[PDB]
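K.L.:
experimental structure below, sequence on top.
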Amino acid sequence: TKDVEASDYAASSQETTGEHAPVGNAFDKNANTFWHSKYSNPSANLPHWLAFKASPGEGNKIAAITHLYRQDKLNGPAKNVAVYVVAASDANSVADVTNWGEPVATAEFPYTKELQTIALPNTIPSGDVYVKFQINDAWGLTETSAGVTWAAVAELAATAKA
Ligand SMILES: CC(=O)N[C@@H]1[C@@H](O[C@@H]2O[C@H](CO)[C@H](O)[C@H](O)[C@H]2O)[C@H](O)[C@@H](CO)O[C@H]1O
Ligand SMILES: [Ca+2]
């Protein structure tokens, strides 16, 4: 698998007050930086999401989404998550996508900071697509604690069959 060019980043919210965690940090190929949902007041509640345009080249269809948690500490990583994909011809930009359709994939991540890979069905649109990665709930401050209400992602990407 090969990494797919990403562009046109969007997020349901982002924290820039309590720390510097804007949406761009989930796409900069740097495991030491992350996007964080907004938790300073007025805070954002679940679900949280990130969205981007994936451009695998004409003729190709993306194969998977990868997710890398923040790497400094465990602080309630994503648990149940969902992936939406729409053809790029459906809207002018990521921000113009109103209807994401049914999820093409769901996963329950284990309690960890290691890289997660979500395989996508071979029936999704080929070509350039808009992608939304959505965190519906989260792990707790420990593995058996009540789930937290925020989210953080160090790296998000699409891959394609090389
Ligand atoms: C600054 C710090 O270490 N704070 C701790 C909390 O961690 C922060 O949590 C907020 C969300 O509430 C952000 O996620 C931020 O990035 C984290 O550093 C931690 O959740 C609590 C409980 O252990 O202690 C705080 O001290
Ligand atoms: Ca990063």
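P.N.:
Nice, thanks for sending it over. Numbering: from 1, shown residues only. Ligands and ions are numbered 1, 2, ... in the order given.
K.L.:
enumerate the residues of this protein near ligand 2.
P.N.:
Selection of the chain residues close to ligand 2 by C-beta under 5 Å from the ion yields 25, 28, 30, 33, 154. (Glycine included, C-beta is placed from N, CA and C.)
K.L.:
show me where the chain has strands.
P.N.:
2-3, 5-11, 35-36, 48-55, 62-68, 80-87, 105-108, 116-119, 129-135, 152-153, 155-160 (DSSP state E).
K.L.:
point out the most buried one among these.
P.N.:
strand 35-36 (a mean of 26; mean count of other C-beta atoms under 10 Å).
K.L.:
which residues does the residue in the chain positioned nearest to ligand 1 contact?
P.N.:
For the chain and ligand 1, the shortest gap (C-beta to the nearest ligand atom) falls at residue 39, measuring 4.4 Å. Neighbouring residues of residue 39 by C-beta atoms under 8 Å, 6 or more residues apart in numbering: 15, 18, 150.
K.L.:
can you tell me which of these is closest to residue 91?
P.N.:
residue 15 (26.9 Å; C-beta to C-beta).
K.L.:
run through the residues that contact the closest one.
P.N.:
Residue 15 touches 21, 36-40, counting by C-beta under 8 Å, 6+ apart.
K.L.:
so it bridges to which residues?
P.N.:
residue 21 (DSSP bridges).
K.L.:
hang on, residue 154 packs against residue 72?
P.N.:
No - assessed by C-beta atoms under 8 Å, residue 154 is found out of contact with residue 72, at 9.1 Å.
K.L.:
okay, these two: which has more neighbours?
P.N.:
residue 154 (22 against 12; other C-beta atoms under 10 Å).
K.L.:
follow-up on the earlier one: could I get the residues of the chain next to ligand 2 as TSV with distance to ligand 1?
P.N.:
Listed next are these as TSV, based on distance: C-beta to the nearest ligand atom, whole Å:
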residue	distance to ligand 1
25	12
28	17
30	16
33	12
154	12
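K.L.:
not counting its neighbours along the chain, what's nearest residue 98?
P.N.:
residue 91 (7.5 Å; C-beta to C-beta, 6 or more residues apart in numbering).
K.L.:
phi, psi for that neighbour please.
P.N.:
Residue 91 has phi and psi values of phi -160, psi 160 when expressed as degrees, to the nearest 10.
K.L.:
give the contact list for it.
P.N.:
Counted by C-beta under 8 Å, 6+ apart, residue 91 has contacts 97-98, 130.
K.L.:
give me the number of residues near residue 147?
P.N.:
15.
K.L.:
test my guess that it contacts residue 75.
P.N.:
No - here residue 147 does not reach residue 75: they are 11.9 Å apart, not a contact under C-beta under 8 Å.
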